[PDB]
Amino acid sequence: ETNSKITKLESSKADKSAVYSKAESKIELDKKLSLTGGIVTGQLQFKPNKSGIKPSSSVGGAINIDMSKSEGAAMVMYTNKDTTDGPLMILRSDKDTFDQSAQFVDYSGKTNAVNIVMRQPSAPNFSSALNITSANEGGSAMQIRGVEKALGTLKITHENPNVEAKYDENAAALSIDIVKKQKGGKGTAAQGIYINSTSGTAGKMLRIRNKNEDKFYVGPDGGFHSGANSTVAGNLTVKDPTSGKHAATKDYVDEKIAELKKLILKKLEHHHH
């Protein structure tokens, strides 16, 4: 009865058929993502349940990338495809009650928080670096606020794309269009540019300069200064003049003519020989 041992070896020990070898384990493990990194070739879906995903801008998110301890970018999305069927990155919210932003960038630093560069195409096309559209009539499509000491809150620079001076004659730095409703619109009373100072400013409201020479401005009181010959295709209403170079009114001309007429008729009616 020496086989009271072989039976207990036949029972208590694992059959190769019923267990993975290390070579087979490696095969299986190699199809799984290592925490040290790997290459995913399919779709990675995130569907958090009662997972405790938080809104914190430091430790929150279904994906959280903390670069505090590392050089490099948090995420890079690259494509050299000639054409494709969708954008690289999509953010979408469907419910009208949604009360948060699609994207919030909270930037401290010494350079531009967000940088959008459109490279030069082989052939010009109507594409833009950034395109904004809103169908909400209750709010501005876009808002900008800044606290600049000596610069514009919005700075627009147009550079001539060509060496020849007369190439960009139809270009502008700022182009504004005011249109009626596309489907069935009967017109519009919308304004072009509205400049206001709710608290009141001492500065010029509109100031135009060319080649380091000021050319035209509208002051804080609404008076304008034009730097060259000007034209009104129409009448201009002004105050009566009280100084030599003030424009003369029709009334002023007529009063001075009438005054001289009276004096001369006086002399004529009373002169003798």
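The first residue of the sequence shown is number 1, and the count goes up from there.
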Looking only at C-alpha temperature factors in the entry, 241 to 249 or 23 to 31, the higher average sits in 23 to 31
Between 172 to 180 and 121 to 129, the record assigns the higher mean Cα B factor to 121 to 129
Of the residues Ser68, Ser57, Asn210, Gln45, the one whose Cα carries the largest B-factor in the deposited record is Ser57
Entry-reported C-alpha B-factor of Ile63 relative to its chain, by third, is lowest
Sorting the chain's modelled residues by C-alpha B-factor and splitting them into thirds places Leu151 in the middle
Among the modelled residues of its chain, the C-alpha B-factor of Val232 falls in the third labelled middle
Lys166: C-alpha B-factor third of its chain, per the entry, is the highest
By the entry's values, the third containing the CA B factor of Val218 is the lowest
